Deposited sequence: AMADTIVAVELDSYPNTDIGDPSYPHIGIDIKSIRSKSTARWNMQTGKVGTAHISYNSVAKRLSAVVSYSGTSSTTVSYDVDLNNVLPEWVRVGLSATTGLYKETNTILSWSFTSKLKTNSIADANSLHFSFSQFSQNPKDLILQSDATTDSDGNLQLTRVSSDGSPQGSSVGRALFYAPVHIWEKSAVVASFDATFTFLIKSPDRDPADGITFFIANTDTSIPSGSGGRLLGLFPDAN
């Protein structure tokens, strides 16, 4: 099975599998059952931004979600990620819907990785718009780019109405070398902006930024509450 590190924006509480009884952001280390969570004042219909960062000296994975003119939500987890992840990874965004649904629209995405052992090795990309058929993305499941240059991670109709029972992911094409033996320091930083809109009283299921082994794929039975990341709820 895949090795996954993720920051989930979980719009739908599945208390059955450990979710708190509210919308929340969480840090997932190798399991859908977050190591750390925080309550998320979800602003359905408004543009959000998520920012995630880590470095190997501090060993502290942190995430913040904010909307214009609102309180931010932060979560942090102390973890040595080079003991969790392989040296080469792909980074991606994932989203799902289930019985309940929402648009999982990514409007921009940027990522920087640095690895030092003069002078640091690095990878940086940014998308403020995604072309149709972006050749530097691996689109998995239902993921597509729409006519507006936005990434629709889950199925959306002609008008833009979200559909249930969907999974989609977008990975950056190039593997990233996130650690080496005798590296001095390695660090990464990711940001995305998202629009989550719904006709439903309870939107589902959420959006994640995740880091996995390079050949990662959507696991069988990972729909809905498993966010396209995990084959089970352990």
Ranges of the deposited sequence (numbered from 1) for which no C-alpha atom is modelled:
1-2, 120-122
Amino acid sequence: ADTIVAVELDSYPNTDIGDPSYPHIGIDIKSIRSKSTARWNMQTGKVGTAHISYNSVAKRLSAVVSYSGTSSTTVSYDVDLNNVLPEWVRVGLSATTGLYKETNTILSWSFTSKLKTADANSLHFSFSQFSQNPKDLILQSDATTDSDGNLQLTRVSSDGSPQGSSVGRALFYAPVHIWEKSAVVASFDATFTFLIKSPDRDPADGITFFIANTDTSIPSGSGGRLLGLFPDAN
From here on, numbers count along this sequence of modelled residues.
Give the stretch, out of 158-166 and 87-95, with the larger mean C-alpha temperature factor in the deposited entry.
158-166
Comparing 58-66 with 41-49, which has the greater mean CA B-factor as deposited?
41-49
Of the residues 112, 71, 108, 104, the one whose Cα carries the largest B-factor in the deposited record is 71
Compared with the other modelled residues in the chain, in which third is the CA B-factor of residue 152?
middle
Quick one: classify residue 34 as lowest, middle or highest third of the chain based on its Cα B-factor.
middle
Here the Cα B-factor of residue 198, set against its chain, lands in the third termed highest
Chain-relative C-alpha B factor for residue 182 (record values, thirds): the highest
Once the chain's modelled residues are ordered by C-alpha B factor and cut into thirds, is residue 218 in the lowest, middle or highest one?
middle
